[PDB]
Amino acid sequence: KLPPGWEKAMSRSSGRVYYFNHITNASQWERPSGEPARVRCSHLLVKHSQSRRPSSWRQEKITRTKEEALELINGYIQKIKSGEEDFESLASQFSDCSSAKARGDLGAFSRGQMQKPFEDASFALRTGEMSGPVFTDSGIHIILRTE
């Protein structure tokens, strides 16, 4: 029926159908369109107190709870989707990953290199698509597939 990971869902507010991807946590009203050896992705990471390393270039000691990290992520997604902010600007300003200095770009990678939930989301995105919140041991990510 639908591309990998996508399912139909029912909006509680409006009652209209939408589409949710249980691999990427993406959600959208539009029916999703239409696997490579490698993909290229950028990401925005928000770490929390249960991250494998609760430290980053932004903050020597990261103390926010995982729930607080998810709220931050949800807010960044909202601003990206509304166009108030662009992904690259938010990643450069707020990603707890050292890749923030590269607008969140991680370059290209294969399966078997990244943390599995991050890998699976990256490979389930199509070029140009953005994930919803993706949880790994590093924290919570927003992933943008660029190639």
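Residue positions are given as counts along the sequence shown, with the first one as 1.
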query	finding
Absent coordinates between residue 34 and residue 35 - deposited residues affected, binned into four classes	10 or more
Of 111-119 and 40-48, the one with larger mean CA B-factor	111-119
Stretch with the greater mean C-alpha B-factor as recorded in the entry, comparing 58-66 against 84-92	58-66
Out of 130, 134, 10, 124, residue topping the C-alpha B-factor column of the entry	10
CA B-factor placement of residue 101, once the chain's modelled residues are sorted into thirds	middle
